[PDB]
Amino acid sequence: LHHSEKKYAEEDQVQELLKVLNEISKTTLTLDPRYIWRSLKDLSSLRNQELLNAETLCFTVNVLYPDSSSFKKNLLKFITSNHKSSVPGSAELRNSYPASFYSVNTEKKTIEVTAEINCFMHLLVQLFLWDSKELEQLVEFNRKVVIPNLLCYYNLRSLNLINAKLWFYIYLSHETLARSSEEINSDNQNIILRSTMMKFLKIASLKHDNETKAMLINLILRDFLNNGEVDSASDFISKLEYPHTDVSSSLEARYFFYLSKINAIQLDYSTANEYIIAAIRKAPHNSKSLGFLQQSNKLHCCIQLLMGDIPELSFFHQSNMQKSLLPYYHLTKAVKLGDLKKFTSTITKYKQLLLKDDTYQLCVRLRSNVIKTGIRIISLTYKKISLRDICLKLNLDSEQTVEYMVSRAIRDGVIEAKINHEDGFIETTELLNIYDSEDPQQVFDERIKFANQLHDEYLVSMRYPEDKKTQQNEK
Amino acid sequence: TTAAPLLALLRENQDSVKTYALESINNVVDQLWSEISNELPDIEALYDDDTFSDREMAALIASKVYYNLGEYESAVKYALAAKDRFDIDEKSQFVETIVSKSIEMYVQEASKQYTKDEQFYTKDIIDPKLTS
Amino acid sequence: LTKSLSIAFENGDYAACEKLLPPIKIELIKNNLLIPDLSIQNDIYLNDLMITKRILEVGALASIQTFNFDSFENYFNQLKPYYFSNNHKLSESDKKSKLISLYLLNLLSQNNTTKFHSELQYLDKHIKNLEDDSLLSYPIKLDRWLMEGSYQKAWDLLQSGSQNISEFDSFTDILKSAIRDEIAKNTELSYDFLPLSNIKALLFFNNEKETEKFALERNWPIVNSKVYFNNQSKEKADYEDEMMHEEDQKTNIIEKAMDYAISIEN
Amino acid sequence: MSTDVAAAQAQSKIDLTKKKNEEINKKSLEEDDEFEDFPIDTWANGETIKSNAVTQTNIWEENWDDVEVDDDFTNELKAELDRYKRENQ
């Protein structure tokens with residue numbers, strides 16, 4: 001009855017572990033273990049949540065533990081203790097195995113392979129805390145317990161890949177506690193959090209684990225951004241090592257999205273634009289991914305107004321993301337029309353929301369782009385145009401001031417005009433017919449090379465999974 | 001975190017804070033590796049100047065920085081230049097990384113010079129720290 | 001030494017502060033070891049922490065005023081760990097608001113807007129609505145007016161900061177030198193002829209002699225009281241052609257097809 | 001609720017048991033779903049999505065309007081006032 005329910009959950013987990021244990025006894029590998037490990041983690045996340053708070057505890061007790069079973073149980077005491085299903089028949093077993101962590105063998109200590117087992121019991125305690133949706137001291141206790149265990153000995157390739165996924169949860173739970181209710185010791189412990197993450201990346205370099213390296217790089221970028229330590233992250237992004245070989249496509253989505261943030265801050269709007277489109281196309285359409293997409297789209301609108309490119313109105317309408325994106329929709333219309341008065345209203349109306357996402361800093365730089373976009377519209381509309389007419393339209397000062405705006409603005413080439421100060425007009429330089437110039441030559445070359453690069457990626461990838469299947473016995 | 005307080009100590013003009021800077025940078029060299037790699041030539045100027053007895057310490061920093069960058073080749077050169085303070089990290093549970101690359105490098109050199117004559121144990125192409 | 005720097009600052013002597021500081025640097029090693037370096041913060045390490053902030057705070061404000069911007073950036077960098085953490089428990093003060101204001105001008109007067117905007121995030125997390133902008137508004141307004149391109153609003157904001165002879169003014173003159181250079185970068189495309197009275201107007205000179213003097217130094221050929229931007233443009237273009245980039249900078253007709261050819265056979 | 005063309009990523013990616021945890025982690029990292037936070041945060045519900053016909057619910061196609069001000073009242077005033085000048089010419 002009650003023993004049956006905890007026993008069933010345990011038996012699911014055992015088959016998944018046993019599968020990997022067999023695989024790493026032949027020869028440790030990276031990718032074949034992970035696909036199984038990801039499937040197990042889903043089942044554990046769903047069973048911890050839905051089925052009582054003591055179904056983790058049964059497992060933890062059931063296997064041999066250094067001191068983890070007692071640290072697990074502590075967490076459960078606080079939220080109404082459990083004591084049930086820890087008597088023999090939940091502790092008189094070590095759960096079907098052939099002989100490599102089987103009951104008879106382990107107790108006898110003809111072998112002991114707590115190696116794999118310890119890393120999985122860590123995976124449970126992280127999942128279980130985010131399920132509870134709780135933070136306080138329990139976070140601290142999770143931080144303290146697992147980190148030196150993993151640092152008092154080197155890990156095998158399989159075990160390093162379990163412990164990369166624990167680091168993300170440690171980091172996430174620390175950062176949420178600051179956001180629920182800021183504290184003063186959260187600040188000093190953040191230096192500690194900061195130290196371990198970078199030290200980890202060195203540790204993973206020696207084991208030559210591709211998937212372990214990538215996931216830590218994603219963490220360092222995120223950690224700098226919420227601390228706002230962009231200076232240190234600017235040195236980091238020009239000195240990376242990221243592989244895209246074995247990484248999951250969630251990791252790749254995240255990586256590109258982080259770059260777009262730092263770049264936008266450094267006043268690169270052209271590189272930021274390329275990478276934010278990369279991040280979105282990797283990500284799913286699902287409501288699973290919903291919140292990742294909103295922050296991404298907030299940044300994506302912002303980059304375009306920083307360029308002078310001005311997002312589509314369709315883009316808000318085809319998504320059902322309208323209400324989240326409502327403040328960027330009012331900025332889009334404002335910059336396009338040239339109306340500073342419309343713009344100033346938008347940034348006062350929605351100040352609070354923008355400042356939450358910490359995208360308000362990026363938004364104030366847009367008060368400039370109204371003025372510069374306004375001069376580009378006026379140079380399109382009239383080839384030659386008096387200085388005074390600009391002052392009326394955009395609600396600016398003297399003509400001398402307007403002269404200065406254009407002199408600066410054509411250093412980037414935004415207006416693409418030039419001022420005559422003895423003829424008293426502004427004369428734009430565009431009169432297209434660049435197909436009579438040598439320009440398209442340059443362009444076609446680039447598209448051809450872009451095609452060549454997709455061909456190459458096709459070649460290496462097409463045959464590598466083919467090769468696994470043909471080698472593998474299935475006849 | 002930021003490496004910025006640490007750079008200022010090297011730049012500060014008193015002898016005493018320049019000695020302490022190398023100690024402070026080296027403690028957290030695995031945390032601030034990408035930061036201090038840009039300004040690794042400042043530390044090379046302190047290696048030249050003969051007013052330090054932490055010349056050996058300054059060289060040691062360089063090794064850890066170049067491993068995290070990606071070039072293992074450069075790290076072992078400057079580990080050998082440091083002389084001692086590299087025999088304490090052969091059994092840690094954290095960093096043995098710089099050491100293991102030395103074992104590799106001697107095998108590469110060993111093949112090349114054996115063919116000329118069996119003796120190569122008195123060549124200056126092989127550093128005495130490397131043999132140890 | 002240690003308490004002596006405090007009162008030398010207070011008097012108004014700043015040549016005194018820098019002279020005496022290399023001795024106190026040794027004892028700054030002693031102070032740093034007393035705190036664990038912000039792993040936990042007692043009211044005993046609070047007492048220690050004030051000693052550590054104090055030496056550096058007064059050293060850094062004084063650096064500006066003897067025109068050692070180089071030394072200013074050293075002292076300021078040292079404050080950063082205390083500024084980062086333990087807020088609302090001896091980390092935030094009137095001196096802090098003053099000190100960060102001055103640094104933002106340092107990065108801007110060096111003309112790194114890469115750095116200035118990346119430094120601004122870090123501050124977003126700290127005071128900008130917890131001690132609101134009243135002295136930090138100054139460098140942020142200025143950076144904005146040159147991004148829209150209005151050098152009018154920018155010169156005015158500098159000129160009324162020149163009323164306030166304090167130490168903020170030591171970065172204002174750098175920033176008025178900077179407005180001249182930017183315009184001198186722009187004017188090459190903008191015009192081809194300006195009379196000398198017109199050059200004076202854009203470059204914010206009140207003296208026609210002063211305009212001629214900048215032109216020597218900035219390499220503008222004014223001949224018969226009219227400038228020739230087309231010549232200057234040539235010289236700079238010539239330099240850019242000279243350097244090795246050059247086959248695939250232009251991208252040769254031949255070079256394009258050679259690329260295509262080997263790809264289909266590879 | 002789908003970012004760009006709704007069908008273009010609905011066919012591009014679909015669920016797997018393997019991916020499902022990582023996706024949930026992505027939305028938690030930003031900290032919320034960020035479409036149900038926003039009504040509470042402002043303490044209102046939509047009326048400024050009722051700005052234009054196309055904004056409210058996309059059951060039309062795009063016009064490329066963004067204020068939707070009738071342009072018949074201004075074109076009528078030009079027409080009559082111009083005639084009178086010519087009449088008094």
# chains A, B, ... in the order shown; residues from 1 in each chain; ligands from 1
$ closest_atom_pairs --of "chain C" --to "chain B" --cutoff "10 Å" --atoms "only C-alpha atoms" --output "tab-separated table"
residue	atom	partner	partner_atom	distance
C:21	CA	B:14	CA	9.3
C:22	CA	B:14	CA	5.7
C:23	CA	B:14	CA	7.8
C:24	CA	B:14	CA	9.5
C:25	CA	B:17	CA	6.8
C:26	CA	B:16	CA	6.1
C:27	CA	B:17	CA	9.7
C:28	CA	B:17	CA	8.7
C:29	CA	B:17	CA	7.4
C:70	CA	B:11	CA	9.5
C:71	CA	B:12	CA	8.2
C:73	CA	B:8	CA	8.1
C:74	CA	B:8	CA	4.8
C:75	CA	B:8	CA	7.2
C:76	CA	B:5	CA	8.3
C:77	CA	B:5	CA	4.9
C:78	CA	B:5	CA	4.3
C:79	CA	B:5	CA	7.5
C:80	CA	B:5	CA	7.2
C:81	CA	B:5	CA	8.0
C:84	CA	B:1	CA	9.9
$ interface_residues --of "chain D" --to "chain A" --cutoff "9 Å" --atoms "only C-alpha atoms" --output "ChimeraX atom specification"
/D:1-36,38-39,41-42,46,48-49,54-58,61-62,64-67
$ select_by_dssp --residues "stretch 7-111 of chain C" --states "helix (DSSP H, G or I)" --output "JSON, numbers by chain"
{"C": [7, 8, 9, 10, 11, 15, 16, 17, 18, 19, 20, 21, 22, 23, 24, 25, 26, 27, 28, 29, 30, 31, 32, 33, 34, 44, 45, 46, 47, 48, 49, 50, 51, 52, 53, 54, 55, 56, 57, 58, 59, 60, 61, 62, 63, 64, 65, 69, 70, 71, 72, 73, 74, 75, 76, 77, 78, 79, 80, 81, 82, 83, 84, 94, 95, 96, 97, 98, 99, 100, 101, 102, 103, 104, 105, 106, 107, 108, 109]}
$ interface_residues --of "chain B" --to "chain A" --cutoff "7 Å" --atoms "only C-alpha atoms" --output "NGL selection string"
:B and (1-2 or 30-31 or 34-35 or 68-69 or 93-94 or 97)
$ closest_residue --among "C:156, C:147, C:248, C:169" --to "residue A:369" --atoms "only C-alpha atoms"
C:147
$ closest_residue --among "C:149, C:161, C:59, C:195" --to "chain A" --atoms "only C-alpha atoms"
C:149
$ interface_residues --of "chain A" --to "chain C" --cutoff "9 Å" --atoms "only C-alpha atoms" --output "ChimeraX atom specification"
/A:183-192,225-231,234,262,265-267,358,361,364-365,367-372,400-411,417-422,441-442,445,448-449,452
$ atom_distance --atom1 "atom CA of residue A:48" --atom2 "atom CA of residue A:76"
12.4 Å
$ select_by_dssp --residues "stretch 24-247 of chain C" --states "strand (DSSP E or B)" --output "list in words"
residues 195, 222, 223, 226 and 227 of chain C
$ closest_residue --among "C:215, C:165, C:15, C:262" --to "residue C:68" --atoms "only C-alpha atoms"
C:15
$ residues_around --residues "residue A:96" --least-positions-apart "6" --cutoff "10 Å" --atoms "only C-alpha atoms" --output "list in words"
residues 11, 14, 15, 18, 102, 103 and 104 of chain A
$ write_last_selection --atoms "N, CA and C atoms" --output "CSV table (one decimal), in the first residue's frame"
chain,number,residue,atom,x,y,z
A,11,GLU,N,11.8,1.9,-8.6
A,11,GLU,CA,12.1,0.9,-9.6
A,11,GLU,C,12.3,1.5,-10.9
A,14,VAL,N,15.9,3.0,-10.9
A,14,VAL,CA,16.9,2.0,-10.9
A,14,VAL,C,17.2,1.5,-12.3
A,15,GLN,N,16.2,1.3,-13.2
A,15,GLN,CA,16.5,0.9,-14.5
A,15,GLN,C,17.3,1.9,-15.3
A,18,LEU,N,20.9,1.8,-14.0
A,18,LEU,CA,21.6,0.5,-14.3
A,18,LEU,C,22.0,0.5,-15.8
A,102,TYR,N,24.8,-4.3,-6.4
A,102,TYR,CA,23.8,-5.2,-5.8
A,102,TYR,C,23.8,-5.3,-4.3
A,103,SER,N,22.6,-5.7,-3.7
A,103,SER,CA,22.5,-5.7,-2.3
A,103,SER,C,23.6,-6.6,-1.7
A,104,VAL,N,23.6,-7.9,-2.1
A,104,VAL,CA,24.5,-8.9,-1.5
A,104,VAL,C,26.0,-8.4,-1.5
$ atom_distance --atom1 "atom CA of residue C:60" --atom2 "atom CA of residue C:172"
17.8 Å
$ atom_distance --atom1 "atom CA of residue C:236" --atom2 "atom CA of residue C:216"
16.7 Å
